[PDB]
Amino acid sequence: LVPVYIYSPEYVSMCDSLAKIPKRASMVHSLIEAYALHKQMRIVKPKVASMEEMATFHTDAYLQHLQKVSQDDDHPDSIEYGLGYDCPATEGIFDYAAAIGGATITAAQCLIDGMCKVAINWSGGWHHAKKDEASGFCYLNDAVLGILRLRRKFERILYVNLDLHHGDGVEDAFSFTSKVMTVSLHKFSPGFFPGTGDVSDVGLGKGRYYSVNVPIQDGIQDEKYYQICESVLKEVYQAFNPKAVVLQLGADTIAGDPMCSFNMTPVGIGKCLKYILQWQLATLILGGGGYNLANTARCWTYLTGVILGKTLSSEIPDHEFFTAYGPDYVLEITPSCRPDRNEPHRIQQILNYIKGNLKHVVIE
């Protein structure tokens, strides 16, 4: 059955007002629309998240504060709740947060109701927010909210974070439970945000070994990334037997991102995505980071094509943002001539560590 595409003109307009990524949502949607991919999808208007739905993870104190300042960047309680340079108390930020949370919840509900096997919210994936604090441009953790909605039907949910940054907010939220396993492939290097997610972080208490982290260094390309991803997910699948998947596909790993860390292309990420889709589980697709706006659109458009199993023309079709795609005006991204800093011995060590940990899961 046909993938659900979480979309409304209002939703994109709201997502467009996010101060760190202005107009990104429109560029992503308009490229998908320019490739006519939306015609092959079921378009679903997202619901706005209610106070009660948001409070299934976030505290009432934090949410009431967010609501207050959304109507104010100099409040004395904002520092406590993580509001600052990374998460400015922009006017309307509570509405933008409620829209993105509601969108991912709507995606989850569609999956629960058997409307689709795959549901897409490219504007979601704000995985750093904590129950009571904003963090890393994230004011509300829609990925956690999405997982909590899926928990209505699924007893084993797998969260997979393929983003440059560790999905710390999500991992933390489920650190003590075994119903949700988190798997994160991300850059791990002292001083690099958020600073967590070493391979030794495996969760706590009853959630011990139900958090998986794959610390990766600068320069990694498609082939090695896919090998790492396939070997981990093969072990996770056999060990954990997930019944639903929440997959975050950040674009901030792609060559050309100004963070200039990993050296991936959308084709490489696509392979990881294909590996997960062939499990044929209810899958909630989210975006994430992506700071080269045109490349982020290239990436999520291509990946939408993968979900649909469609091969797209390399030539960017004319559309509202055509000029943003110069000077080559093509869909494909070329890797930078930068060294891969990932030692094959270190990769193997990490993978063996992880296999060791998942052995404990299997024997349980």
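In this text, residue numbers run from 1 along the sequence as written.
The segment from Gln71 to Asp72 is interrupted, since 1 to 3 residues of the deposited sequence in that interval carry no coordinates.
Higher mean CA temperature factor, per the PDB entry, when comparing 252-260 with 104-112: 104-112. When 282-290 is weighed against 234-242, 234-242 comes out higher, by mean CA B-factor as recorded in the entry. Within the listed group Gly195, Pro266, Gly169, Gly82, the record reports its top CA B-factor for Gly82. Sort the chain's modelled residues by C-alpha temperature factor and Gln64 lands in the highest third, per the entry. The entry lists a Cα temperature factor for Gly219 that places it in the lowest third of the chain's modelled residues.
Among the modelled residues of its chain, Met14 has a C-alpha B-factor that falls in the lowest third according to the deposited record. Ranked by Cα temperature factor within the chain, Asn121 sits in the lowest third according to the deposited record. When all modelled residues of the chain are sorted by CA temperature factor, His186 is found within the lowest third.
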